[PDB]
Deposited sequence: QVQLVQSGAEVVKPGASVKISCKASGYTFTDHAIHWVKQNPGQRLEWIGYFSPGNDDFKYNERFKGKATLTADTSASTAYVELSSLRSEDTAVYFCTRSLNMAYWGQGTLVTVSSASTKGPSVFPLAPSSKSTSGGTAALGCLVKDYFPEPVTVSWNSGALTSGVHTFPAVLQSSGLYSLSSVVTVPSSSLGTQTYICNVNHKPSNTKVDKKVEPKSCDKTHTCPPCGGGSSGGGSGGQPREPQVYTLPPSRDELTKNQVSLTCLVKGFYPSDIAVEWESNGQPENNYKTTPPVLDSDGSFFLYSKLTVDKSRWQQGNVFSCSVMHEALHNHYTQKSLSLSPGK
């Protein structure tokens, strides 16, 4: 029930002055003094001073004496800090808080000291790759570009879409404006049936936008070869298994064989190609070897022969890995 609501973020002409507010609620305004804390982007928090509504007693931090003027309007139940003749150095977020036991805080007000004028953002869409292309899930988003000053506030499907959302931090462009992106990850399934719109809000310019990001308006295959060691579990048996997975290839015609030193391994069996959900095939090869030969860290490697490979051939090695 106790609340401190500060005034909105704003830009301020260098040399100019600005006057932030702190509206107290949920307690007797004249029971605690209001303290003001500046916070430079990142770096150490500085305490500006406090003003005690009630007895009108106040204390400054000598560093801010001269630059700030604490005040309060009891009838209003609000405390003020007025910053004079600003300079870039004054750009920062001013926080108001209550009591020497700073349990309660404002939300902070971002004062940007600049000659530049406020500017609303332009919201463009970051459209998905394509249906099923992602097979599982795809990425879409909004690009909130060229706006000033901070901050903006992106949300998806008006607070509904929250899971897997990533609104990155803003970036100051050489232009002098801010830009930022907000992505989200969703199943390619919904992609197309479900509607995804970002709700961007830049109070400083009183702009609000809701761009709806919608899907974009739109044969041999080189096999991938991955080698896998034997399941830790299988390390109980004498004689372990080395696996070679060759996937995402087309035509189903392929040849897989293993070898260790110059000599070609002999005890292994490959499976028949299997059509994968994407229209290409895959298969596993299973070279068997004595649990001792594998631990001696020998090296084994499967060679795969297929028309789509740079020389119709390729090998990828596999060995016991001396891990840390």
| property | result |
| --- | --- |
| In sequence order, the deposited-sequence ranges that have no modelled C-alpha atom | 219 to 238 |
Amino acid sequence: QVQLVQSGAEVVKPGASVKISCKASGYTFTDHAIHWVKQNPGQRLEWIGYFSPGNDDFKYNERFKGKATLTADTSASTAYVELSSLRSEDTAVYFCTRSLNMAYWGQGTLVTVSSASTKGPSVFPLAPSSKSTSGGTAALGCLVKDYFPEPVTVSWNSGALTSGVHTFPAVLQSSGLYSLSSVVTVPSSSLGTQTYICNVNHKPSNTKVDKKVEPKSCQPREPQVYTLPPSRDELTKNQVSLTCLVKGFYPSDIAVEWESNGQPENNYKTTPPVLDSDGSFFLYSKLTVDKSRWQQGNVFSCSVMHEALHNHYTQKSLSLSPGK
From here on, numbers count along this sequence of modelled residues.
| query | finding |
| --- | --- |
| Average Cα temperature factor in the PDB entry - higher stretch of 233 to 241, 118 to 126 | 233 to 241 |
| Of 220 to 228 and 168 to 176, the stretch whose C-alpha atoms average the higher B-factor in the entry | 220 to 228 |
| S84, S134, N206, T185, ranked by C-alpha B-factor: the highest one | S134 |
| Criterion, highest CA B-factor; candidates, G297, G42, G49, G66 | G42 |
| Third of the chain's Cα B-factor distribution that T271 belongs to, per the entry | middle |
| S317 by Cα B-factor - lowest, middle or highest third of the modelled chain | lowest |
| Position of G106 among the chain's modelled residues by C-alpha B-factor, lowest, middle or highest third | middle |
| Cα B factor band for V213 (lowest, middle or highest third within the chain) | highest |
| B-factor third for the C-alpha atom of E62 within its chain | lowest |
